[PDB]
Amino acid sequence: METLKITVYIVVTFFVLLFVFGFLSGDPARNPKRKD
Amino acid sequence: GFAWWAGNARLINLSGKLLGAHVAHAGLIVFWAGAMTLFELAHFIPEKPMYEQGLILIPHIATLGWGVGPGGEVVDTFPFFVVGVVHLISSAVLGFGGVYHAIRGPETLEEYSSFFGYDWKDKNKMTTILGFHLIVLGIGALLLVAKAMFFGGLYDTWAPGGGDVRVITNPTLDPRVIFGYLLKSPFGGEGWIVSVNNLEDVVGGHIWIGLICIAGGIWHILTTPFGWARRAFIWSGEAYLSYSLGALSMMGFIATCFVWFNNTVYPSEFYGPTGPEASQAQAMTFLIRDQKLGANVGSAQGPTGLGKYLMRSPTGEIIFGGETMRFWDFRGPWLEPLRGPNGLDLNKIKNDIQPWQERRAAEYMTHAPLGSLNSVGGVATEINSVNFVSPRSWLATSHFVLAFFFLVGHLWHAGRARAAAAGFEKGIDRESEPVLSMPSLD
Amino acid sequence: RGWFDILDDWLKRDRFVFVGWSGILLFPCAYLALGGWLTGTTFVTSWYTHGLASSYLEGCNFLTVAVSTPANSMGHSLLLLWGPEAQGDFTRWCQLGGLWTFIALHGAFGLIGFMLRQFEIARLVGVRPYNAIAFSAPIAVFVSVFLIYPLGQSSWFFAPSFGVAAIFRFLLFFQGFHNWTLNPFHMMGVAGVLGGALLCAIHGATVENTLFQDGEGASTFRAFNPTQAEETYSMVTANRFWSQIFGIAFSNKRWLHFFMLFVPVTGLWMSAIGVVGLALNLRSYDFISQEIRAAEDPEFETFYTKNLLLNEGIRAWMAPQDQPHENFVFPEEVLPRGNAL
Amino acid sequence: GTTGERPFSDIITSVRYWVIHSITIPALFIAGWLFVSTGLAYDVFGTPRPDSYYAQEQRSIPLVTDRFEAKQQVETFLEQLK
Amino acid sequence: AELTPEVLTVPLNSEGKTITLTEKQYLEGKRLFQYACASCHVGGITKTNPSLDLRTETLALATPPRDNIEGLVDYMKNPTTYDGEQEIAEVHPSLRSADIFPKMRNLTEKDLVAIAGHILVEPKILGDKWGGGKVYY
Amino acid sequence: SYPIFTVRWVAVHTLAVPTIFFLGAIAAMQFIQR
Amino acid sequence: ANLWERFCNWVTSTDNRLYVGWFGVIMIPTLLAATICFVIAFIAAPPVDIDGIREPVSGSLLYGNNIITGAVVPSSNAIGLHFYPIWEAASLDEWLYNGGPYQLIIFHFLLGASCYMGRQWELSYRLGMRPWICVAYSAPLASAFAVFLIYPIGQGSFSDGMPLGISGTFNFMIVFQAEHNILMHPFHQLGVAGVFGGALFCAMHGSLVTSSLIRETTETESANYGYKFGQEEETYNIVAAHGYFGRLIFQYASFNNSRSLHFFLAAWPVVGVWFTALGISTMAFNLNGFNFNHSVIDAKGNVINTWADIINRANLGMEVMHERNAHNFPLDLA
Ligand code: CLA
Ligand code: CLA
Ligand code: CLA
Ligand code: CLA
Ligand code: CLA
Ligand code: HEC
Ligand SMILES: CC1=C(/C=C/C(C)=C/C=C/C(C)=C/C=C/C=C(C)/C=C/C=C(C)/C=C/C2=C(C)CCCC2(C)C)C(C)(C)CCC1
Ligand SMILES: CC1=C(/C=C/C(C)=C/C=C/C(C)=C/C=C/C=C(C)/C=C/C=C(C)/C=C/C2=C(C)CCCC2(C)C)C(C)(C)CCC1
Ligand SMILES: CC1=C(/C=C/C(C)=C/C=C/C(C)=C/C=C/C=C(C)/C=C/C=C(C)/C=C/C2=C(C)CCCC2(C)C)C(C)(C)CCC1
Ligand SMILES: CCCCCCCCCCCCCCCCCC(=O)O
Ligand SMILES: [Cl-]
């Protein structure tokens, strides 16, 4: 069960970091009109 | 180019009139706080529990240690009057400045003075205004600490002998404790910051927060946002509003759970018992009645095979049986004397229940936070007779509704701020429709 | 010009409230149905038919007033004012439940009048008659619930009474006695109603968030002109959005708006059929396989068996007061009850 | 755009309109008031007054139980209160 | 039907003397019963001990009999268990325990008679509903 | 000129006249005591 | 050319058949977890002790349910609001008995649906659209939070959240009415007006546009072929639609502005469903529907029943029978 707990913690951390860093990667600029 | 129904958007770039709107609105808030307190006092009867009387502001004052003595008995109503008068008087000053700045004062402030004027897109000026308000907030948190430590203390429902006003001499400073709350699970038996159950932690948390806010205020006066923050945010008044709406929404949902579960900074003496509390108190009440009649409550097997009065929680603690099995995380000053290391202690139950505990359980069971919209107390099938809706239900429901609508407002304004910043909030340019210049999906 | 044609001319004049030939049926019947309800909910009791107060005069509020059904003893009497029950006495007619049949029957002919008006105006203006066709759904619901349903039962007593709480009681009756939530025809009605509200919301939002910038204002309503030929929003961008969000999207505006007609109208028609079955107590009450197992296996429990216990509670606890003509006397000891409650 | 009747906003801001209706509206209100305060509403519709639902030592409902004698049953019940 | 003096006539004591309340007393009694008692005794039951109700026949079998004004007024001063063997002022509102039940502090002797009269009149009006519980709602 | 009495005038008063009457009757009811 | 920026460009690409986006990075795994667990539990989960009284309720098909009766059963009342992930059970057998899957499914689902809403904002921004479709979806989303999260929080137990099943849903509705008199609560009445009105206006709008399609086809072909995707001209005559609807009622009760019309279509059901979601969310804290029980009494004090007292009799029958083995004490305080 502890192996399972660790795996999920790692998987969740990974996706959440993708989310946080993705939106920090200049998201306002990713539109089709004004990019600033 | 806004219509009348969006008319306050016409103020976005009129710093002077917008200041008046804010200050006049602030007057409305302080006016309600004063008028409502005086209304509550005019109706207050000292012989009735606060929570039979529809009071929500007097409980907040009492909780700060004003007007009450042991057990929560009201001893002096004058502090309540004072609080209401001073707020009411103060609202005329705010109303005066508000209507002056909204109607007569400079429409824009940028010309009258570079200090008070601002451009939404001026990241330095915006973080400086933020810094000032953070310092103000930090001072406000330290006022609570001042009250608790130097000016009479706070009401402590956990005080020995029924609850009392108590000066806090050793506030909790250990950051493992203070920030440990911020890391507890929000689920049952843990309760995130809602589980704070003693005034030492309450006051120490406000020392920390006061210092944190002052330090961060100084930080933001002195800095400009770093590039990574510049590129992550929208910098516009509507964007800033949307950020604050999200924060207020979050705070309102938290406040909702605080008043529903916490009986420390919302003492049940004033607010009535929590839902869990009342449910536990019912089981206590019938345990008491039945034991007095001769029942052996520890060995009484109920219809399901589980104990009728007592059973184990999933981790083994001895807890009240029946449906209140769900509420065994409840902790309250009338009940903890019966708790041993393994949970409820059968020998204390048999030997040490006191009349005041019997009274309090009976009182709380019959003042559970259930009632109709027209203030008929009890379950939905009850007949008319008792005029009662718990202050906890009033405060929980109202703040859930407000928090929900502010999240909607966050989404509304955050989406609009993004679209306006990129230039397509009024619709798609017929001659430059983005999708018409994209490849088809299939 | 013959007299008939001159009356046609007058009936069909463009005025603030169009009249038409349909108006001769619609306007008296609608006003009488509406006036009967207001009259009865303000002044008339249900004491002699139901043992209930039901008017403002008696102390009821907007939620509890009703024009209640006639007594079960009236059967399916038309309860005409001049009929054999009231014998022309207006007061007794009120006390016997005559306003119920008055409202229901005038209401029915008013509904016919209204659908005829939809036909009449559509023919005069030159449009297709789909709004009339759509309105068949409200008609089917009205006749099936207010007329067919009580006609299969013992009397008008068991029709819905015209009131907010009285309809609430009707809902609960249908749960406890008919297990109406388990009925696939009601389920199809639920899907068409909830599906319609979804379509309404999602179509309006889509249009409002795919608008073309046709003016400089921040209030986008001003940049529409009822005679412009151009579409005011982008079907193309709408289709791309929904295709990428949900997988599929509309591409055909005609199909889209026909579908919007189809979904709620069909759902209502389906629920009406189920109510026709309940007129005969032809319920979807049970699953036989479940009952056989549960009778034999006392450890077998499902949400289906749990809900039948609730129905059983509803029936025994509401019947004596809800059906006073039956003179049900249930001693305390026969009421089904769980532990403690 | 218009069918020739007089615009409502023109009517209800007019002096003559309010000369008439400052009488007719309160008059109708008072008529309806009196319809109740005199007790006439009770008698017209047959609605029990607060003292007329039950006889003094009675907790039985006067429920109509015949179709063709219903008129007489109601009358029988009312005389049990005189 | 109406609130006649016959219905407002209740036993004053165990010796058969009676007293006729006014409508004023009865309504006062009702209001005060709601103020001080209904939270536990709504409808003539007892939420914290349902085995004991406010039905007249139950009160008649209490020791001291409580189916009369005197017995009820005394009960409000000095409550006992149903067999009279133990005084229960510390867990039941009474004038003796107005320190711990503050709603009893501002009750006058006349208020006590009114409450007692309401308790005795209401079963005459409501029948089995008084004390019978949800079965009769 | 504008006509005074129209079909519209009738439809309006068919509803407004009894509405005010009923409103007065329902007002009086708030003072009925049992 | 940098790996992270190419990943960022694929995540936010408007060229993917289904848009992913940053909200999608959370939505996809959480919806797949909820969906896969749901399908497996619905088919094969063993019986669950929903009310914590060692009285397991069979919810899955292989244990004797059909599609109508089957459910994923809520987690045990013994757990209450405690977090019960798999790794907290001594075994999967234990986790299944106590209703673990319910928790996994609803938490993953609520997270995924939240991200679905954000994803709707996100693609609207990438496409240069206006942003508020996601605000329309907040009405159904709020309603799911109410029955899966807020109501359990207020009552203290996920065992009183809505079951994931057709008959389980009806059970939840009936119990709710007995304990909260939801029918007599104005926010639910507004929900009905939002949903009945939404269905009404759906049919109205569909029938008025359908009534005024411009003749572009013959009697032998579907009229739908008279519209071609992306054509610039409107396909119906809104002035004729208004000319019909304004006469059906009167002129000023009919829209001639298509923008106001479609805004109204959006706003009526969204706002109604917000209220009904707030209804459930505030009855979660036991601020219940109006109680007019015995509100009408006669000169002597006899109760004169109204239709509200009849509702009450029905509510009582629901109250006294529900969870018939679970109460030992006389008030069902949660
Ligand atoms: C807290 C609520 C609030 C506040 C504080 C404001 C404030 C403001 N509004 Mg907004 N507004 C609001 C609600 C509010 N509004 C609502 C609910 C609507 C929808 C109807 C609008 C619609 C709206 C529109 C359409 C417009 C504004 C505008 C304005 C600004 C100029 C108004 C002006 O000159 O009026 C002049 C009005 C008067 C001279 C009449 C008297 C007003 C006074 C202040 C009443 C004060 C009474 C009080 C008892 C005095 C106490 C005095 C004592 C303290 C000494 C002002 C800052 C305008 C704007 O942005 O200008 C560019 C504008 O065009 N508002
Ligand atoms: C945050 C709110 C706020 C802000 C940002 C401003 C900002 C401004 N005001 Mg406005 N004003 C406000 C509130 C506000 N005012 C209020 C509440 C009132 C009513 C009393 C007024 C009445 C007012 C008038 C009559 C005038 C201005 C003017 C001005 C300008 C110059 C101010 C100056 O030189 O003072 C410099 C600094 C001081 C004088 C020091 C004052 C120190 C304060 C009073 C102490 C802090 C108070 C504390 C928080 C309250 C304690 C709580 C208590 C209830 C127990 C500036 C744009 C002037 C203007 O625009 O001219 C065109 C002008 O003529 N203001
Ligand atoms: C009203 C309060 C407030 C506001 C609106 C801001 C706003 C800002 N701050 Mg300041 N700040 C404040 C208070 C505040 N600050 C205080 C009190 C301090 C002292 C500690 C600071 C210290 C501070 C520093 C040191 C820095 C900022 C920076 C910034 C900017 C970027 C913030 C950002 O990206 O956040 C978004 C947040 C993140 C990207 C990280 C998230 C981390 C949290 C803890 C995760 C938790 C999420 C979870 C779901 C919620 C539960 C809470 C959990 C801990 C229990 C922005 C202008 C930055 C800047 O540009 O400075 C010039 C910067 O480097 N702030
Ligand atoms: C701090 C809070 C805050 C602030 C400062 C603003 C500020 C603004 N909003 Mg945002 N808004 C908020 C919260 C806030 N909003 C919330 C919580 C929501 C979600 C409900 C919204 C939803 C929203 C929309 C949908 C829109 C705005 C718009 C606007 C702009 C013009 C608004 C205006 O003139 O209103 C004028 C005020 C009125 C027309 C009055 C509305 C009356 C309300 C709906 C009824 C209140 C009754 C209350 C419940 C009690 C009744 C009880 C009983 C009597 C029955 C302005 C920039 C507009 C915009 O985008 O401009 C940029 C716009 O279209 N707002
Ligand atoms: C469109 C108009 C309309 C329609 C369709 C109805 C329909 C109805 N009404 Mg309503 N009614 C209306 C207008 C209408 N009413 C108006 C304007 C009023 C106000 C006065 C009323 C007041 C009213 C009351 C008070 C009652 C009804 C009732 C009824 C029902 C029975 C009608 C019946 O038996 O007719 C029978 C009559 C006909 C069908 C007429 C046929 C014409 C014949 C063929 C010609 C006769 C030839 C002649 C006698 C020979 C002349 C020879 C000469 C030399 C002697 C039915 C639902 C009853 C009801 O609702 O029951 C619950 C009831 O009690 N109506
Ligand atoms: C709960 C906090 C109560 C309140 C408030 C009031 N009463 Fe009570 N009452 C309560 C209990 C638990 C009991 C049983 C006591 C016992 O152990 O025997 C009672 C009993 C009574 C009785 C006697 C009933 C009988 O003998 O059949 C009476 C007459 C009575 N209580 C009256 C009463 C009055 C007048 C109250 C308002 C002043 C009142 N009670 C409040 C619980 C509670
Ligand atoms: C701008 C604007 C607006 C707003 C406004 C506002 C919001 C205002 C405010 C204002 C205010 C906010 C005000 C206040 C005032 C107050 C006052 C003026 C007070 C007074 C007081 C007194 C006088 C007192 C007395 C007393 C005492 C002392 C004691 C006790 C008793 C008594 C209570 C008697 C509006 C929207 C409308 C419109 C547009 C514009
Ligand atoms: C007083 C008190 C206390 C204390 C407290 C404290 C100490 C607290 C703290 C708190 C805190 C410390 C908090 C924090 C918060 C945070 C948050 C809330 C954040 C958020 C974030 C965000 C929102 C982000 C977003 C984003 C992303 C993610 C990406 C990019 C973009 C953006 C930026 C948008 C206690 C309990 C002891 C007790 C009692 C009292
Ligand atoms: C039956 C009958 C008849 C007829 C009758 C009639 C036709 C009547 C009518 C009546 C009417 C016609 C009535 C009316 C009434 C009305 C009312 C009563 C109203 C009310 C209203 C209100 C209350 C409202 C309110 C409000 C609200 C709530 C919100 C918004 C605003 C308002 C203000 C709207 C006859 C004779 C043939 C004979 C036989 C029988
Ligand atoms: C189709 C249009 C029908 C119009 C119906 C209008 C009805 C008005 C009739 C009112 C008259 C009632 C007189 C009662 C006399 C009865 C005598 C008897 O029953 O023997
Ligand atoms: Cl229980």
# chains A, B, ... in the order shown; residues from 1 in each chain; ligands from 1
$ interface_residues --of "chain C" --to "chain B" --cutoff "6 Å" --atoms "only C-alpha atoms" --output "list in words"
residues 211, 212, 213, 217, 218, 219 and 237 of chain C
$ interface_residues --of "chain F" --to "chain G" --cutoff "12 Å" --atoms "only C-alpha atoms" --output "ChimeraX atom specification"
/F:8,11,32-34
$ residues_near_ligand --ligand "ligand 4" --cutoff "7 Å" --atoms "only C-alpha atoms and all ligand atoms" --output "PDB file with C-alpha atoms, in the first residue's frame"
ATOM      1  CA  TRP B   4     -26.100  52.044 -17.773  1.00  0.00           C
ATOM      2  CA  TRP B   5     -26.347  48.545 -16.315  1.00  0.00           C
ATOM      3  CA  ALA B   6     -22.527  48.298 -16.541  1.00  0.00           C
ATOM      4  CA  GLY B   7     -22.212  51.914 -15.465  1.00  0.00           C
ATOM      5  CA  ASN B   8     -19.565  51.510 -12.792  1.00  0.00           C
ATOM      6  CA  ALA B   9     -17.137  50.333 -15.480  1.00  0.00           C
ATOM      7  CA  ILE B  12     -12.072  52.343 -14.387  1.00  0.00           C
ATOM      8  CA  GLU B 238     -10.270  44.496 -14.097  1.00  0.00           C
ATOM      9  CA  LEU B 241     -10.400  42.979  -9.361  1.00  0.00           C
ATOM     10  CA  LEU B 245     -12.766  38.240  -6.254  1.00  0.00           C
ATOM     11  CA  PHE B 405     -21.252  34.329  -6.479  1.00  0.00           C
ATOM     12  CA  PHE B 406     -17.788  35.846  -6.012  1.00  0.00           C
ATOM     13  CA  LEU B 407     -16.232  32.841  -7.683  1.00  0.00           C
ATOM     14  CA  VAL B 408     -18.631  33.438 -10.581  1.00  0.00           C
ATOM     15  CA  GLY B 409     -17.546  37.072 -10.563  1.00  0.00           C
ATOM     16  CA  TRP B 412     -16.507  36.651 -15.307  1.00  0.00           C
ATOM     17  CA  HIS B 413     -13.882  39.349 -14.759  1.00  0.00           C
ATOM     18  CA  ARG B 416     -13.043  39.452 -19.579  1.00  0.00           C
TER      19      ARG B 416
END
$ residues_around --residues "residue D:44" --least-positions-apart "4" --cutoff "9 Å" --atoms "only C-alpha atoms" --output "MDAnalysis selection string"
(chainID C and resid 90:91) or (chainID D and resid 40)
$ write_last_selection --atoms "N, CA and C atoms" --output "PDB file, in the first residue's frame"
ATOM      1  N   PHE C  90     -74.931  29.007  -6.562  1.00  0.00           N
ATOM      2  CA  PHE C  90     -73.533  29.355  -6.784  1.00  0.00           C
ATOM      3  C   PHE C  90     -72.685  29.037  -5.564  1.00  0.00           C
ATOM      4  N   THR C  91     -73.248  29.252  -4.383  1.00  0.00           N
ATOM      5  CA  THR C  91     -72.495  29.127  -3.155  1.00  0.00           C
ATOM      6  C   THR C  91     -72.132  27.677  -2.938  1.00  0.00           C
TER       7      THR C  91
ATOM      8  N   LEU D  40     -69.221  39.951   3.694  1.00  0.00           N
ATOM      9  CA  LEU D  40     -69.967  39.520   2.522  1.00  0.00           C
ATOM     10  C   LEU D  40     -69.247  38.392   1.790  1.00  0.00           C
TER      11      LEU D  40
END
$ closest_atom_pairs --of "chain A" --to "chain G" --cutoff "6 Å" --atoms "only C-alpha atoms" --output "Markdown table"
| residue | atom | partner | partner_atom | distance |
| --- | --- | --- | --- | --- |
| A:1 | CA | G:87 | CA | 4.8 |
| A:5 | CA | G:87 | CA | 5.8 |
| A:19 | CA | G:22 | CA | 5.5 |
| A:31 | CA | G:126 | CA | 4.6 |
$ write_last_selection --atoms "N, CA and C atoms" --output "JSON list (two decimals), in the first residue's frame"
[["chain", "number", "residue", "atom", "x", "y", "z"],
["A", 1, "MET", "N", 0.80, -1.19, 0.00],
["A", 1, "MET", "CA", 0.00, 0.00, 0.00],
["A", 1, "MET", "C", 0.85, 1.26, 0.00],
["A", 5, "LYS", "N", 0.91, 4.47, -2.37],
["A", 5, "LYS", "CA", 0.88, 5.84, -1.87],
["A", 5, "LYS", "C", 1.98, 6.68, -2.48],
["A", 19, "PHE", "N", 1.15, 21.74, -14.67],
["A", 19, "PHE", "CA", 0.12, 22.77, -14.69],
["A", 19, "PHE", "C", 0.68, 24.14, -14.27],
["A", 31, "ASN", "N", -2.29, 33.62, -27.52],
["A", 31, "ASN", "CA", -3.59, 33.95, -28.09],
["A", 31, "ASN", "C", -3.34, 34.40, -29.53]]
$ interface_residues --of "chain C" --to "chain E" --cutoff "10 Å" --atoms "only C-alpha atoms" --output "PDB file with C-alpha atoms, in the first residue's frame"
ATOM      1  CA  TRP C 317     -48.662   8.119   6.757  1.00  0.00           C
ATOM      2  CA  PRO C 331     -53.762   2.654  14.868  1.00  0.00           C
ATOM      3  CA  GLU C 332     -50.229   3.596  15.899  1.00  0.00           C
ATOM      4  CA  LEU C 335     -47.797   2.381  10.958  1.00  0.00           C
ATOM      5  CA  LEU C 341     -38.120   7.502  14.427  1.00  0.00           C
TER       6      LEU C 341
END
$ residues_around --residues "stretch 51-53 of chain D" --least-positions-apart "5" --cutoff "10 Å" --atoms "only C-alpha atoms" --output "PyMOL selection string"
(chain C and resi 47-48+51+53) or (chain D and resi 58-62+77-78+81-82) or (chain E and resi 1-3) or (chain F and resi 34) or (chain G and resi 297-302+304)
$ residues_around --residues "residue B:277" --least-positions-apart "5" --cutoff "9 Å" --atoms "only C-alpha atoms" --output "PDB file with N, CA and C atoms, in the first residue's frame"
ATOM      1  N   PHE B 261     -18.123  24.333  11.917  1.00  0.00           N
ATOM      2  CA  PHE B 261     -17.434  23.317  12.699  1.00  0.00           C
ATOM      3  C   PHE B 261     -16.733  23.841  13.948  1.00  0.00           C
ATOM      4  N   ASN B 263     -15.940  25.541  17.372  1.00  0.00           N
ATOM      5  CA  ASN B 263     -16.598  26.020  18.580  1.00  0.00           C
ATOM      6  C   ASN B 263     -15.606  26.716  19.537  1.00  0.00           C
ATOM      7  N   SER B 268     -19.861  28.041  21.299  1.00  0.00           N
ATOM      8  CA  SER B 268     -21.226  27.576  21.210  1.00  0.00           C
ATOM      9  C   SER B 268     -22.132  28.282  22.210  1.00  0.00           C
ATOM     10  N   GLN B 282     -27.248  14.727  21.679  1.00  0.00           N
ATOM     11  CA  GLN B 282     -28.406  13.835  21.767  1.00  0.00           C
ATOM     12  C   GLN B 282     -27.997  12.470  22.324  1.00  0.00           C
ATOM     13  N   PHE B 327     -19.783  11.829  13.712  1.00  0.00           N
ATOM     14  CA  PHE B 327     -19.358  13.089  14.330  1.00  0.00           C
ATOM     15  C   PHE B 327     -18.355  12.895  15.461  1.00  0.00           C
ATOM     16  N   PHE B 330     -15.810  15.381  16.870  1.00  0.00           N
ATOM     17  CA  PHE B 330     -16.253  16.545  17.634  1.00  0.00           C
ATOM     18  C   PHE B 330     -15.500  16.611  18.962  1.00  0.00           C
ATOM     19  N   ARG B 331     -15.158  17.821  19.361  1.00  0.00           N
ATOM     20  CA  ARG B 331     -14.490  18.061  20.633  1.00  0.00           C
ATOM     21  C   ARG B 331     -15.139  19.288  21.235  1.00  0.00           C
ATOM     22  N   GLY B 332     -15.576  19.167  22.479  1.00  0.00           N
ATOM     23  CA  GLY B 332     -16.181  20.284  23.141  1.00  0.00           C
ATOM     24  C   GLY B 332     -15.995  20.246  24.643  1.00  0.00           C
ATOM     25  N   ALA B 361     -25.902  19.215  27.484  1.00  0.00           N
ATOM     26  CA  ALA B 361     -26.269  18.285  26.411  1.00  0.00           C
ATOM     27  C   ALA B 361     -27.734  18.459  26.026  1.00  0.00           C
ATOM     28  N   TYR B 364     -28.124  21.649  24.106  1.00  0.00           N
ATOM     29  CA  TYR B 364     -27.572  21.682  22.756  1.00  0.00           C
ATOM     30  C   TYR B 364     -28.365  20.787  21.807  1.00  0.00           C
ATOM     31  N   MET B 365     -28.806  19.629  22.284  1.00  0.00           N
ATOM     32  CA  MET B 365     -29.664  18.739  21.499  1.00  0.00           C
ATOM     33  C   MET B 365     -30.925  19.464  21.019  1.00  0.00           C
ATOM     34  N   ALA B 368     -30.172  22.279  18.115  1.00  0.00           N
ATOM     35  CA  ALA B 368     -29.403  21.871  16.951  1.00  0.00           C
ATOM     36  C   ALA B 368     -29.662  22.846  15.816  1.00  0.00           C
TER      37      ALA B 368
END
$ select_by_dssp --residues "stretch 11-137 of chain E" --states "strand (DSSP E or B)" --output "PyMOL selection string"
chain E and resi 11+18-20+80+87
$ decode --residues "stretch 55-66 of chain D" --atoms "N, CA and C atoms" --output "PDB file, in the first residue's frame"
ATOM      1  N   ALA D  55     -68.278  22.226  14.927  1.00  0.00           N
ATOM      2  CA  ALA D  55     -69.152  22.456  16.053  1.00  0.00           C
ATOM      3  C   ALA D  55     -68.324  22.318  17.318  1.00  0.00           C
ATOM      4  N   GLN D  56     -68.840  22.898  18.392  1.00  0.00           N
ATOM      5  CA  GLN D  56     -68.062  23.090  19.607  1.00  0.00           C
ATOM      6  C   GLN D  56     -67.359  21.811  20.064  1.00  0.00           C
ATOM      7  N   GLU D  57     -68.091  20.704  20.178  1.00  0.00           N
ATOM      8  CA  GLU D  57     -67.514  19.413  20.588  1.00  0.00           C
ATOM      9  C   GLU D  57     -67.464  18.471  19.384  1.00  0.00           C
ATOM     10  N   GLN D  58     -66.631  18.822  18.413  1.00  0.00           N
ATOM     11  CA  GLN D  58     -66.619  18.152  17.111  1.00  0.00           C
ATOM     12  C   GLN D  58     -65.198  18.219  16.579  1.00  0.00           C
ATOM     13  N   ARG D  59     -64.633  17.071  16.255  1.00  0.00           N
ATOM     14  CA  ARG D  59     -63.413  17.039  15.459  1.00  0.00           C
ATOM     15  C   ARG D  59     -63.597  16.165  14.217  1.00  0.00           C
ATOM     16  N   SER D  60     -64.828  16.040  13.733  1.00  0.00           N
ATOM     17  CA  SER D  60     -65.103  15.363  12.477  1.00  0.00           C
ATOM     18  C   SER D  60     -65.257  16.386  11.359  1.00  0.00           C
ATOM     19  N   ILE D  61     -64.706  16.065  10.201  1.00  0.00           N
ATOM     20  CA  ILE D  61     -64.792  16.968   9.044  1.00  0.00           C
ATOM     21  C   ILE D  61     -66.179  16.817   8.418  1.00  0.00           C
ATOM     22  N   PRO D  62     -66.868  17.918   8.066  1.00  0.00           N
ATOM     23  CA  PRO D  62     -68.176  17.797   7.365  1.00  0.00           C
ATOM     24  C   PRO D  62     -67.980  17.501   5.881  1.00  0.00           C
ATOM     25  N   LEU D  63     -67.522  16.292   5.602  1.00  0.00           N
ATOM     26  CA  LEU D  63     -67.174  15.903   4.251  1.00  0.00           C
ATOM     27  C   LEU D  63     -68.420  15.445   3.494  1.00  0.00           C
ATOM     28  N   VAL D  64     -68.650  16.081   2.354  1.00  0.00           N
ATOM     29  CA  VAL D  64     -69.645  15.644   1.398  1.00  0.00           C
ATOM     30  C   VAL D  64     -69.367  14.212   0.972  1.00  0.00           C
ATOM     31  N   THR D  65     -70.393  13.355   1.055  1.00  0.00           N
ATOM     32  CA  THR D  65     -70.238  11.929   0.782  1.00  0.00           C
ATOM     33  C   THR D  65     -71.289  11.364  -0.172  1.00  0.00           C
ATOM     34  N   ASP D  66     -72.178  12.186  -0.697  1.00  0.00           N
ATOM     35  CA  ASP D  66     -73.150  11.795  -1.707  1.00  0.00           C
ATOM     36  C   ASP D  66     -73.055  12.794  -2.845  1.00  0.00           C
TER      37      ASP D  66
END
